[PDB]
Every structure is written in C-alpha cells, then in structure tokens.
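Have a look at the structure below, then the notes.
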Amino acid sequence: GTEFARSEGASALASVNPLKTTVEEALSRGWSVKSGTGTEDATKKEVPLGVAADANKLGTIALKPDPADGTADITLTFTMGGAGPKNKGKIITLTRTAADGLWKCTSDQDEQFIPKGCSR
C-alpha cells in the first residue's frame, strides 16, 4: 500500500544511468571495463566502473561481460533485491549493442513504475 514504488525505480535507474558515460569513456581509449571499484590497471588496460555492487541498498549492480571490451553487447543491470513487495525481484537492464553503440533500457517492473525512457 505505502511502498515508495515510483521512487524505488527512479533510484535504481539513477544508480546505473551514469555508468553509461563511464563505459563510453573507457571504450573510446580502447580500454576494457571491469566491475567493482579499484584503480585503472595499465597492464591489462582495464578501467573499473568505480561503484560498489551494493552502493544502493535497493539492490545490486552487475556488468556482463566482465570485463567488457566493446566488441560484444554490454549489459548493466540493477536487480532490486532490496525493494518493497511491488518491485522486489524486478530488474532494470541497460544494454549497449556493440554493432551500433546504442543504449536501450528495459524493465520487467509493472508498467506504471517503469522509469522514463525505459520500455518493457
């Protein structure tokens, strides 16, 4: 009844949306992106995303493939394991298609709580 269901979705998307820039900046250097926190690794030429998996207590952030070099589709997911009953277990997926470099957002939330710019 009183779950903050719209704000949960907005918060989840706000945790992953800024990582699009992080990914693009690494790929433009010809470096790979890897999950988690840490320093750039000049031996393997990997840049970490810079955010902990649990930075937002609504859920968990994941990257696939890990590491990612831009020659395959990339997905960033926010899995809402920490949310209330309407959104628990739902997943927001950002996909960067390697063929064209374009990003899409899909969600399996109930349509009324899907954030702006994302589709089913």
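All residue names refer to the structure tokens as shown: chains lettered A, B, ... in order, residues numbered from 1 in each chain, ligands numbered from 1 in order.
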Show me, as number ranges by chain, the residues that have an atom within 12 Å of range 84-90 of chain A when counting only C-alpha atoms, minus same-chain residues fewer than 2 positions from it. A: 1-12, 57-60, 77-82, 92-93, 106-114, 120
Every residue of chain A that DSSP places in strand (DSSP E or B), as number ranges by chain: A: 32-34, 41, 46-48, 60-64, 68, 74-79, 91-97, 102-107, 119
Near range 29-42 of chain A, counting only C-alpha atoms, which residues have an atom at most 12 Å away, once you skip same-chain residues fewer than 6 positions from it, shown as a count of residues only? 30
Tell me which of A:83, A:102, A:27, A:91 sits closest to residue 115 in chain A, counting only C-alpha atoms. A:91
For a quick check of understanding, using only C-alpha atoms, which of A:25, A:94, A:99, A:18 has the smallest distance to residue 117 in chain A? A:94
Taking only chain A into account, list the residues labelled alpha helix (DSSP H) by DSSP (computed from the backbone), as an NGL selection string. :A and (5-16 or 19-28)
Given the choices A:116, A:17, A:56, A:45, which gets closest to residue 95 in chain A if the distance is worked out from only C-alpha atoms?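 Among A:116, A:17, A:56, A:45, it is A:17 that comes nearest to residue 95 in chain A.
CA of residue 105 in chain A lies 6.4 Å from CA of residue 119 in chain A.
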